[PDB]
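Since the structure comes first, as structure tokens, the remarks are kept for the end.
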Amino acid sequence: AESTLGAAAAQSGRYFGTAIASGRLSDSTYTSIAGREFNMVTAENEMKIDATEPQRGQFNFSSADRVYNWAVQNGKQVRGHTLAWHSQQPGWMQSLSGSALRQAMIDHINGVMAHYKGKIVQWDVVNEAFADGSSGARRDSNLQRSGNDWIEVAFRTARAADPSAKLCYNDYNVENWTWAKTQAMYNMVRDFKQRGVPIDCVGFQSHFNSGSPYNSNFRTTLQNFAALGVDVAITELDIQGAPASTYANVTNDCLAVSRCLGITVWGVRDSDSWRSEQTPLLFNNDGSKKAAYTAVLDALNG
Ligand SMILES: *[C@H]1O[C@H](CO)[C@@H](O[C@@H]2O[C@H](CO)[C@@H](O)[C@H](O)[C@H]2O)[C@H](O)[C@H]1F
Numbered sequence: 605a606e607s608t609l610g611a612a613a614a615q616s617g618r619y620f621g622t623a624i625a626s627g628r629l630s631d632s633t634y635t636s637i638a639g640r641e642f643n644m645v646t647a648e649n650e651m652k653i654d655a656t657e658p659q660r661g662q663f664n665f666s667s668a669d670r671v672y673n674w675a676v677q678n679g680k681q682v683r684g685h686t687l688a689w690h691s692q693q694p695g696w697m698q699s700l701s702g703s704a705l706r707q708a709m710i711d712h713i714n715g716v717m718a719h720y721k722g723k724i725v726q727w728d729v730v731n732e733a734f735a736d737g738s739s740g741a742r743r744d745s746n747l748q749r750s751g752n753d754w755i756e757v758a759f760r761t762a763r764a765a766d767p768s769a770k771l772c773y774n775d776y777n778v779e780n781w782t783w784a785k786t787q788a789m790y791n792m793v794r795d796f797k798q799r800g801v802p803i804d805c806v807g808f809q810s811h812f813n814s815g816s817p818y819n820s821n822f823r824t825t826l827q828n829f830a831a832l833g834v835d836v837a838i839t840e841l842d843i844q845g846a847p848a849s850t851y852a853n854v855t856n857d858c859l860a861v862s863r864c865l866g867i868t869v870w871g872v873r874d875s876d877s878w879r880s881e882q883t884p885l886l887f888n889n890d891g892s893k894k895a896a897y898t899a900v901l902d903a904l905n906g
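Dropping the structure here:
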């Protein structure tokens, strides 16, 4: 067996990753534990639109490169996050609509992807485009108001910008097979595959909690999306209370699906999370391993 999460995941050809924040990189406990345990990194905030293009046409990759460089220096691959999203847009992009916004969205994808061309294994090209609830509608945003084709255009733009990256659609509350949101995403991906839209992967955020609880049918969700001809990935995992049983279940669901590339938990210690009050991660505040860590490692080791 293997003694760390990333190495244990690698025995089945998968990765075990985390979100990394540039502001925490002077914390020796964080950097040593993150370096030891994970083989995949996602920048927590540094590769988002506001951080990378603070003013139109004026890119700033300083903080993003700090995360990227840390990952490569520590032997990890990197998931880019995220190129088109309604949340966290810089004010200059919030003022744009229609065709002007479309051009800025395209320019933003091209500029960020060119900087990291051939260096990023997966990109979350589009994030959180569906509304929550029973409707299955697209979320309202300046991007969605520019037309239903905004998502497809982002994907076609990204494929041309860097043909070596796996292009993913990412979202939350899409893990339970029976939910309307899950079905809306499923039909979009099915449609994309029939029309030749270049989508290679689907990211399941996996923010499990009392209001959006884990269900055993997540495995069915993963299998059904994989059958559409896309890879699947667990991208921002955290579970309220960090129950060992649920952490083991999610891990085993990924291990049972051949195209489940790996799992990323959203943070290292409970105190590093935005949801620290629900103590939803695998390491305690002092860096020690909880019960959930042991369960995940055991599952990865079979
Ligand atoms: C999935 O959910 C995580 C947690 O909400 C998002 O990461 C958070 O993003 C916000 C907004 O940019 C930040 O304030 C938090 O520090 C960060 O943890 C992630 O982007 C999203 F895809």
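In the numbering used here, the protein residues as written are 605 to 906.
Here a beta-carbon is modelled for each residue, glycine too, at the ideal position from N, C-alpha and C.
Distances between the C-beta of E648 and the heavy atoms of ligand 1 include at least one below 7 Å. By the CB criterion at 8 Å, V836 and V806 fall inside the cutoff. At a Cβ-Cβ threshold of 8 Å, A638 and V869 do not count as neighbours.
Per DSSP, the continuous beta strand (DSSP E) segment holding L865 begins and ends at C864 to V869. Inter-residue distance for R823 and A762 is about 29 Å (C-alpha atoms, whole angstroms).
Note on geometry: alpha-carbon atoms of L609 and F642 lie some 6 Å from one another. Under the three-state reduction of DSSP output, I624 falls in the strand class. Assignment of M789 by DSSP, reduced to helix, strand and coil, places it in the helix class.
Contact annotation: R683 and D654 have beta-carbon atoms that are not nearer than 8 Å.
Following the DSSP letters along the chain, one finds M644 inside the beta strand (DSSP E) bounded by residues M644 to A647.
Pairing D711 with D890, the inter-Cα distance amounts to about 43 Å. Straight-line measurement puts the Cα of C772 at about 30 Å from the Cα of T898. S810 has its CB no nearer than 7 Å to any heavy atom of ligand 1.
Residue pairing for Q681: DSSP places it in a beta bridge opposite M644. Pairing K652 with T686 gives a Cβ-Cβ distance under 8 Å. Taken from the Cβ of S691, at least one heavy atom of ligand 1 lies inside 7 Å. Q707 has its alpha-carbon roughly 10 Å from the corresponding atom of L700.
In the DSSP annotation of this structure, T608 is not part of any beta strand (DSSP E), being labelled neither H nor E.
Taking 7 Å as the cut-off, one finds no heavy atom of ligand 1 near enough to the beta carbon of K770. Taken from the Cβ of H712, every heavy atom of ligand 1 lies 7 Å or farther away. Beyond the five residues adjoining it in sequence on each side, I624 comes within less than 6 Å, by CB distance, of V645 and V671 in the same chain, given in chain order. Of all alpha-carbon atoms in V834, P817 and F829, the one lying nearest the alpha-carbon of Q726 is that of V834. Nearest neighbour of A903 by Cα position, chosen from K680, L865 and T850, turns out to be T850. Classified as exposed, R640 has fewer than 16 neighbouring CB atoms from the shown chains inside 10 Å of its CB.
C-alpha of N888 to C-alpha of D876: approximately 10 Å in a straight line. With contacts defined by Cβ atoms closer than 8 Å, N828 and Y790 form a contacting pair. Burial state of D795 is exposed, judged by a 10 Å Cβ sphere holding fewer than 16 other Cβ atoms. Non-local C-beta neighbours of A675 in its own chain, meaning closer than 6 Å and more than five positions away in sequence, comprise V645 and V682, ordered along the chain. As a beta-bridge residue in DSSP terms, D775 pairs with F808. The C-beta separation of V801 from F759 comes to about 5 Å, placing the pair in contact by the 8 Å criterion. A899 sits in a helix when the DSSP states are folded into three classes.
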